[PDB]
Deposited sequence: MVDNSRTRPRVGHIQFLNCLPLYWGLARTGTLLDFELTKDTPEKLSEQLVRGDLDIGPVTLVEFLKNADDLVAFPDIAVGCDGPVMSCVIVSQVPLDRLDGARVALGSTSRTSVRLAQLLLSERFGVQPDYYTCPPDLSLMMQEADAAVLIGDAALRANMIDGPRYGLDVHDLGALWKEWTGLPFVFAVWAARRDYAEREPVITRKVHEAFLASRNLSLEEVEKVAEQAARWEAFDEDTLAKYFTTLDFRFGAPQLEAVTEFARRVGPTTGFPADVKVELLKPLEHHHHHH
C-alpha cells in the first residue's frame, strides 16, 4: 500500500485573466507540486466546495456563500481598481433605457454586480434571462448583454468597436459609484484540507505569490507568446494583464465587505459574513 504524501489538488481558471499566473507556476516548477485541474471559474468553485479540489480559485459570491468552510489566501486575488476590461455590459441603448427591457447574462459574481449597478445606481429593472455568451446572438434577442472572461474581453476590444456597441466596464462602473476596487475571485483552501495539511497549504500559498510576482515581471513575455493563439495582439494582452489587479490586502477586503453587504441578503449569504484568512506562521 502506497501511503506516501499526495499532491494538493489545485484548480486554475483557464481564461486569459490567469494565463500569466499559469506561466509563473510553470516557470517556477510549482506545477510539478500540484495535481492541476483547468476549467471555468464556476466549475472550479463547485469542485472546491464539494471536495474534488483541495485548493483553488473561487468566484467571490460562491466563496461568501461557503465562507465557514473555506480559508482565503491573503495577498492574491483576481480584481481591479477601476476598469477590469473582462467584465462588461454590452448595450445597444443607454443604460437608463433598460427598465423592462431584456438583458442577457452569462453561465455568478459579475452577474450580481451588474444587476446591483443597474438597479441601485441607474435605477432600471430589466427582464433578465440566461443564455450562452454569444454577443452576436444576444444582440438580436435582447437590448443588452452581460459577458465575463475572454468573451467580455473580445466584446470590449474587438466586437464592440467593430459594430459600434457601447461597452460598459463593470469594474469602472463600480469604481465610479463607490471609489472602491473590486474583487471577482479569491484563492482558498478547504478548511478540512487547511487543517489536516497546514504546511502544504502554506507552501501552496507562498508558491502562488511567487508565481504571481514572476508573472508581473515577465508580463511582456507572456503577452508575446499568448498573442500567437488569440485574436488579441500583444499590446492588447499586455494592457489587459497589467490592468488586472491581483492584490488582496486591506483596500480589497473592504471592497469585498461592502459588496457583500449590498448583495448578501439577495444572493444567499449574510451581509456581514466573515472572511477568514490563512494566518501566516508566527516566529520566535
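S.K.: Tell me which segments of the deposited chain sequence are not represented by C-alpha atoms in this structure.
M.R.: No C-alpha coordinates exist for 1, 109 to 110, 288 to 291.
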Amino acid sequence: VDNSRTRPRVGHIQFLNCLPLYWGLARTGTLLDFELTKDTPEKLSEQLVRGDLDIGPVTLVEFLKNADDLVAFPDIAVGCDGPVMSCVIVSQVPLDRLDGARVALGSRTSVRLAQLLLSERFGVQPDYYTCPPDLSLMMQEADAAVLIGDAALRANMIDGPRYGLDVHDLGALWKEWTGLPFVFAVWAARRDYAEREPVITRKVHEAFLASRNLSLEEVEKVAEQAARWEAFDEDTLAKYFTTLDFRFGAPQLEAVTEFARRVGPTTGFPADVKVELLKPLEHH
From here on, numbers count along this sequence of modelled residues.
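S.K.: Quick check on the record: does 130 to 138 or 209 to 217 carry the larger mean Cα temperature factor?
M.R.: Looking at the recorded C-alpha B-factors, 130 to 138 comes out higher on average.
S.K.: Mean Cα B factor from the PDB record: higher for 10 to 18, or higher for 265 to 273?
M.R.: Per the PDB record, 265 to 273.
S.K.: I'd like to know which of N156, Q125, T201, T178 has the highest C-alpha temperature factor in the PDB entry.
M.R.: Among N156, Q125, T201, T178, the PDB entry lists the largest C-alpha B-factor for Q125.
S.K.: Quick one: which of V93, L113, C80, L173 has the biggest Cα B-factor according to the entry?
M.R.: Among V93, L113, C80, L173, the PDB entry lists the largest C-alpha B-factor for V93.
S.K.: Thinking about Cα B factors across the chain, which third does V49 belong to?
M.R.: As the PDB entry reports it, the C-alpha B-factor of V49 lands in the middle third of its chain.
S.K.: For the chain shown, is the CA B-factor of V71 in the lowest, middle or highest third of its modelled residues?
M.R.: Ranked within chain, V71 CA B lands in the middle tercile.
S.K.: Which third of the chain holds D235 when residues are ordered by C-alpha B factor: lowest, middle or highest?
M.R.: Ranked within chain, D235 CA B lands in the middle tercile.
S.K.: Using only modelled residues of the chain, where does the Cα B factor of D245 rank: lowest third, middle third or highest third?
M.R.: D245: CA B-factor falls in the lowest third of its chain.
S.K.: When the modelled residues of the chain are sorted by Cα temperature factor, does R102 land in the lowest, middle or highest third?
M.R.: Ranked within chain, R102 CA B lands in the highest tercile.
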